[PDB]
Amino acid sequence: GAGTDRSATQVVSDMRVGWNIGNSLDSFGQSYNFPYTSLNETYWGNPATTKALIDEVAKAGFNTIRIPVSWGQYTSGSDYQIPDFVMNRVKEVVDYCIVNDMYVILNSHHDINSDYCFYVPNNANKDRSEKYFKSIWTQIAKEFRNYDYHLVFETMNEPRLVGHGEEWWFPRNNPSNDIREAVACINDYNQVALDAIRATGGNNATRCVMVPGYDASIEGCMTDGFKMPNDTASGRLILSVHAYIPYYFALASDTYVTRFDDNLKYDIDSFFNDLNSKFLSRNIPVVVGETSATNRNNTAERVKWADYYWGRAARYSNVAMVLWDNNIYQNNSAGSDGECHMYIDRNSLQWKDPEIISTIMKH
């Protein structure tokens, strides 16, 4: 019963390194089947999360778990009501982590995708989008109102225009009018979500909250139009950013590289220099909620990647990072697939490349 009397800096400072439960509760089905009346946790091929799994992740040295959840697909009625079988399960998984003295980041994940969007960052959809966020966050925050500062809320995942030319990228300094509209909409959606959480009172009056910009990318947050929402609490906001960098080494599936060349350290360096000048040096901590380098059968290179990434992050007390893990390991023989992010095999509970894990824990 420790309450939430800790600043965002004090929380992020005590986070060492995190691990995502990827392709689990974020798994979604098709909108014509809505609302789902049973869990899609195993829909994308992964075993339901066990205490045993979270225990091994803890034992490896992770003290933070990010739990991506796609809520929308289960909701019913005009107030987007979340069914108890969903809330109960989410609480089950949160508690696996909480009882191991771990930090937990709970979010809304694939509530947008190619199939159906529960929110859209444009003016035509502003009304239903804000209604969605207010509704789910009222419910989620009430469920977990009595959790201490270990539980952080992340308002949304990678808000964007789905199926748009600029869904996954735009130049921070030259936003199109569609992107400008999205950026402003996202500012307002973060505000609504934060207001919703705050309004339930109790520990939620002062819980730390993570908020992303467009795509949760460095562009989204660095672009001049991005705004941190207005809080009634002091120093309780954390910037959410996702950074699979360097892109061609870590994520690309077409034109990729397998070597972590010294030239690529510039990508990580500038990434942090940007975060530093705009956020970290202004006492706004940043959580890199997702990062990973896909398995291209290049373990030694991925060690170099991890060593540098975490070594570079280590100098910023108010930075913490979280590995993305989708429980998929095998790449083709070219190593071209950018979606092989297994670190621990969820079926055997064995680590795939312990050299990478050990290298992260050195920092």
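For every residue, the number given is its place in the sequence shown, counted from 1.
The stretch 168 to 176 shows the higher mean C-alpha B-factor when 100 to 108 is compared against 168 to 176 in the entry.
As listed in the deposited structure, the average C-alpha B-factor of 53 to 61 and of 320 to 328 is greater for 53 to 61. Considering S240, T155, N123, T291 together, the PDB entry gives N123 the largest C-alpha B factor. Each of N190, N146, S129, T138 has a CA temperature factor in the record; the biggest one is found at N146. Compared with the other modelled residues of the chain, the Cα B-factor recorded for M342 ranks in the lowest third. Ranked by Cα temperature factor within the chain, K304 sits in the middle third according to the deposited record.
For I360, the recorded CA B-factor ranks within the lowest third of the chain. Only modelled residues enter the ranking. Among the modelled residues of its chain, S217 has a C-alpha B-factor that falls in the lowest third, as given in the PDB entry.
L349 sits in the highest third of its chain by CA B factor, as recorded in the PDB entry.
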